[PDB]
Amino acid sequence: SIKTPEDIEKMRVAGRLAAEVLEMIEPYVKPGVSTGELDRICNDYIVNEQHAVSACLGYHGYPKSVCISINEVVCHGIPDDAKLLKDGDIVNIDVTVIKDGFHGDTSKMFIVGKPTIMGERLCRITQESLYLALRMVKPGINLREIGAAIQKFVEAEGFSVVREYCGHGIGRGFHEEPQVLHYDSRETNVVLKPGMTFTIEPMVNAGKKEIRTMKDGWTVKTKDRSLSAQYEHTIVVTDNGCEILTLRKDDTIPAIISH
């Protein structure tokens, strides 16, 4: 669907709120803190300060407000008061808020304590894969091209792209069409049009692409237990490119990408 100027404004608000949850939580992401407390901090902020709601809680039965995944956990890590962050960890906090009917969806990696060169490299490359994709977004381009570019860049780094999950259209619905694969697929045939709003959120494994879902029916880890990183932004396709609706102060890419 093509969002209207009004809907896009609402997406800007929702996207900014999502991004600000990530900016707000940054100081709390330090050695010793539990992912459970991080989640509570994020939820209180979303509800009490942003006057918004987490779109995650309850979705497909998800128990928490945000997803927090550490190191080998690929995605959907469930915040737990007993899971503490430690020196060297790489942690993804994935946020999605609903404000005035629209969704803002974004995530980023945080390196805890003294960074490891491997962790820093995986996160940097993963973000760069998102960035290169964002720089390709504009009317007329096929999502297949973008997915192909992400995969090519990631694999060239000796990393892999997780296939079970993809980006997605977003708006009044958390996950709307189209599906945004982060790898080349013969099934992908979607030509971008102005006003389209979707996410790009590649999950990159340091090791093999295969994953394993834990027995809590949520937590996903790399099959080989290698590190996995993910970054995500919600965007709106413009006439000559795109606008990142979930940009943060620490992002090293412009909010408005012109061509």
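Residues carry their position along the shown sequence, with the first being 1.
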117-125 or 95-103, whichever carries the higher mean Cα B-factor:
117-125
Comparing average C-alpha B factors as deposited, tell me which of 63-71 and 206-214 sits higher.
206-214
If you check the C-alpha B-factor for each of 170, 180, 90, 84 in the entry, which is highest?
84
Based on the deposited C-alpha B factors for this chain, I'd like to know if residue 135 is in the lowest, middle or highest third.
middle
Chain-relative CA temperature factor third for residue 200
lowest
Relative to the other modelled residues in the chain, which third contains the C-alpha temperature factor of residue 249: lowest, middle or highest?
highest
Taking the values exactly as deposited, rank residue 54 by C-alpha B-factor within its chain and report the matching third: lowest, middle or highest.
middle
Where does the C-alpha B-factor of residue 239 rank in its chain, lowest, middle or highest third?
highest
